[PDB]
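Down below is the structure, laid out as structure tokens.
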Amino acid sequence: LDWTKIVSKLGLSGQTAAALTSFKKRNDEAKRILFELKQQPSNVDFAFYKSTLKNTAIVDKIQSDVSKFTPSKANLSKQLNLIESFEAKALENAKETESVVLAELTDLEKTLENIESXXXXXXXXXXXXXXXXXXXXXXXXXXXX
Amino acid sequence: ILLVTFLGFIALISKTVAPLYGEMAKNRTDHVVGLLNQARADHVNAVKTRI
Numbered sequence: 001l002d003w004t005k006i007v008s009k010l011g012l013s014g015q016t017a018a019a020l021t022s023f024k025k026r027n028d029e030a031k032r033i034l035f036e037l038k039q040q041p042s043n044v045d046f047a048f049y050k051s052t053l054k055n056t057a058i059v060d061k062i063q064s065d066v067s068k069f070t071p072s073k074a075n076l077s078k079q080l081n082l083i084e085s086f087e088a089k090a091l092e093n094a095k096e097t098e099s100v101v102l103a104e105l106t107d108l109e110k111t112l113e114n115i116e117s118x119x120x121x122x123x124x125x126x127x128x129x130x131x132x133x134x135x136x137x138x139x140x141x142x143x144x145x
Numbered sequence: 146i147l148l149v150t151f152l153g154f155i156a157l158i159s160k161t162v163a164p165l166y167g168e169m170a171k172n173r174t175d176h177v178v179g180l181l182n183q184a185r186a187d188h189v190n191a192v193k194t195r196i
């Protein structure tokens, strides 16, 4: 359900600080509005209102119309702007890690076994892995900048 | 003087052999220690970038 992992979900850029703060404030205010309000309709004490009013058939007609149905500020799920954006963002971030993040793990395992191991023949394969490891270290500083 | 020069040069070559091997530790053998330290630092940077 993660303040511990929800705030650290962004990368090295600080541009996602405004979007993360707006989503957390709207989610906290949504649960506080439903808990502070009553989870029922209305009382409508018609037993003490029809016998106390001066006008005849006044409180009886207003109680039947209020207990039926009325309008409210609601909306439907037709404008699914955030639902369509979740599938497109995962194709460029979650699906993109299968060829970028997974390729770095396979190259790191082959470079560690070749640099730690037969003699002159294994040194030639470790020489090419050393150049790729040195280029990855320089690209790591550019990716964070 | 030919026999005295060969005996004196043999003792100086023995002391210079240990001095040449000792001085090479800060250049020849030091390159292996420097490359091992650079490879260990690059492996920690590559593991941190992949994580």
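Residue numbers (the numbering used here), protein chains in the order written: chain X, 1 to 145; chain A, 146 to 196.
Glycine included, C-beta positions come from ideal geometry on N, C-alpha and C.
Per DSSP, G153 (chain A) is one residue of the alpha helix (DSSP H) stretching across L147 to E168.
Residue burial is scored here from C-beta neighbours: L108 (chain X) has at least 16 other C-beta atoms within 10 angstroms and is therefore classed as buried. Listed along the chain, the chain A residues whose CB falls inside 7 Å of the CB of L12 (chain X) amount to none; the nearest CB is some 11 Å away. In terms of Cβ geometry, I115 (chain X) and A184 (chain A) form a close pair [threshold 8 Å].
Taking 8 Å as the cut-off, the beta carbon of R195 (chain A) is found closer than this to the beta carbon of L105 (chain X). Shown here, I33 (chain X) sits in a helix according to DSSP, grouped into three states. Under a 10 Å Cβ-count criterion, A191 (chain A) is classified as buried, with 16 or more other Cβ atoms of the shown protein chains found around its own Cβ.
Interface with chain A (8 Å Cβ-Cβ cutoff): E104 (chain X) is included. The contact set of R195 (chain A) on chain X, defined by CB atoms closer than 8 Å, consists of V101, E104, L105 and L108 in chain order. Bounds of the alpha helix (DSSP H) holding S64 (chain X) are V59 to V66. Along the stretch 174-192 of chain A, going in chain order, the ones with a CB nearer than 8 Å to a CB of chain X are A184, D187, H188, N190, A191 and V192. Pairwise C-beta distances place the stretch 40-50 of chain X in contact with the stretch 59-67 of chain X, as three or more of them are shorter than 8 Å. Pairing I158 (chain A) with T174 (chain A), the inter-Cα distance amounts to about 22 Å.
For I115 (chain X), the nearest CB of chain A lies under 8 Å from its own CB, placing it at the interface with that chain. In the three-state reduction of the DSSP assignment, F23 (chain X) falls in the helix class. Between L34 (chain X) and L20 (chain X), the gap from beta carbon to beta carbon reaches 8 Å or more. In the three-state reduction of the DSSP assignment, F48 (chain X) falls in the coil class, being assigned neither a helical nor a strand state.
Judged by DSSP secondary structure, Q183 (chain A) falls within the alpha helix (DSSP H) whose first and last residues are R173 to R195.
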